[PDB]
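J.: Here's my sequence, what's the structure:
(one chain, ligands or ions: 1)
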Amino acid sequence: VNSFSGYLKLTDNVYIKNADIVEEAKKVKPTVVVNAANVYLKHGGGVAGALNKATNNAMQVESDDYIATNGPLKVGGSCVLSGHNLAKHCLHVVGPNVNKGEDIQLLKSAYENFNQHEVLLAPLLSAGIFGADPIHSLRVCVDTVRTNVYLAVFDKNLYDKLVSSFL
Ligand SMILES: CC(C)(C)[C@@H]1CCN(c2ncnc3[nH]ccc23)[C@H](CO)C1
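T.: Residues are numbered from 1 along each chain as shown. Okay, here it is:
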């Protein structure tokens with residue numbers, strides 16, 4: 001039993017809700033919140049910009065030190081950093097950005113990072129400003145993640161389409 005509330009159950013392990021991931025994280029304080037990161041950990045917009053803003057830019061400061069030490073992530077890769085005031089940990093995961101021409105097959109690799117954590121609050125990878133089809137992202141999530149994932153979908157219209165079209 002966990003403290004996630006109001007989710008629809010899609011499968012044994014995947015749950016979905018129309019919610020602002022920032023507000024969800026602030027309420028639940030999960031062990032792991034997933035960020036829709038880029039390889040440079042430049043949290044300018046989308047989910048990443050919103051999460052970073054909620055940390056008063058502390059996420060960006062920590063991220064800049066991480067990159068200065070380690071260099072960029074791989075597309076499809078991840079790193080674990082602090083969750084600041086939002087969660088214990090933030091799993092920064094790089095889905096392919098279709099608006100940069102990146103290979104959508106890497107979306108499965110990106111979701112594989114979730115399997116290293118028993119429970120996660122997450123957005124749909126490569127959705128929003130990353131340019132991928134969210135219906136496809138949900139399908140890859142369900143077919144790749146085996147741990148317990150609670151998906152927050154900000155847009156109510158998109159949430160309803162994802163549920164109604166889910167196979
Ligand atoms: C569908 C659309 C492109 C409009 C969104 C954009 C951002 N994003 C978010 N998801 C959950 N919580 C969020 N909080 C702030 C942003 C955000 C989604 C990533 O799957 C896609």
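
J.: Now the residue of the chain found nearest the ligand. Nearest residue, chain neighbours left out?
T.: Here the chain gets closest to the ligand at one residue, residue 128, 2.5 Å apart by Cβ to the nearest ligand atom. Where C-beta positions appear, they are placed from N, C-alpha and C, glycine not excepted. Once flanking residues are discounted, residue 128 sits nearest to residue 46: 5.0 Å by Cβ to Cβ, 6 or more residues apart in numbering.

J.: neighbours around that neighbour, how many?
T.: 18 (other Cβ atoms under 10 Å).

J.: How about the one 4 residues further on?
T.: The criterion is other Cβ under 10 Å. On that basis, residue 50 has 18 neighbouring residues.

J.: Now do the closest residue to residue 40 other than its chain neighbours against residue 127, distance only.
T.: Once flanking residues are discounted, residue 40 sits nearest to residue 72: 5.6 Å by Cβ to Cβ, 6+ apart. Shown here: residue 72 relative to residue 127, a distance of 22 Å by Cβ to Cβ, to the nearest Å.

J.: Same question for residue 164.
T.: 17 Å.

J.: Could you check which of the two is surrounded by more residues?
T.: residue 127 (24 against 7).

J.: That one touches residue 137, doesn't it?
T.: Yes - if you go by Cβ atoms under 8 Å, residue 127 and residue 137 touch, sitting 5.2 Å apart.

J.: is stretch 7-27 up against the ligand anywhere?
T.: Yes - using Cβ under 6 Å from any ligand atom, stretch 7-27 comes into contact with the ligand via 20, 21, 22.

J.: Buried subset of the residues you listed, written for ChimeraX?
T.: One line in ChimeraX is enough to select the buried ones among the residues of stretch 7-27 next to the ligand; burial here means 16 or more other Cβ atoms under 10 Å:
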select :21,22
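
J.: I'd like the residues of stretch 7-27 next to the ligand laid out as JSON lines, including secondary structure and distance to residue 115.
T.: Below are these laid out as JSON lines (DSSP: H, G, I helix; E, B strand; the rest coil; distance: Cβ to Cβ, whole Å):
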{"residue": "20", "secondary structure": "coil", "distance to residue 115": "25"}
{"residue": "21", "secondary structure": "helix", "distance to residue 115": "20"}
{"residue": "22", "secondary structure": "helix", "distance to residue 115": "24"}
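
J.: could I get the residues of stretch 7-27 next to the ligand as a markdown table with distance to residue 154?
T.: Shown next, in a markdown table, are those (distance: Cβ to Cβ, whole Å):
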| residue | distance to residue 154 |
| --- | --- |
| 20 | 6 |
| 21 | 7 |
| 22 | 9 |
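
J.: quick one, helices of this protein?
T.: Shown for the chain, the helices assigned by DSSP state H span residues 21-28, 46-54, 58-70, 106-112, 134-144, 156-164.
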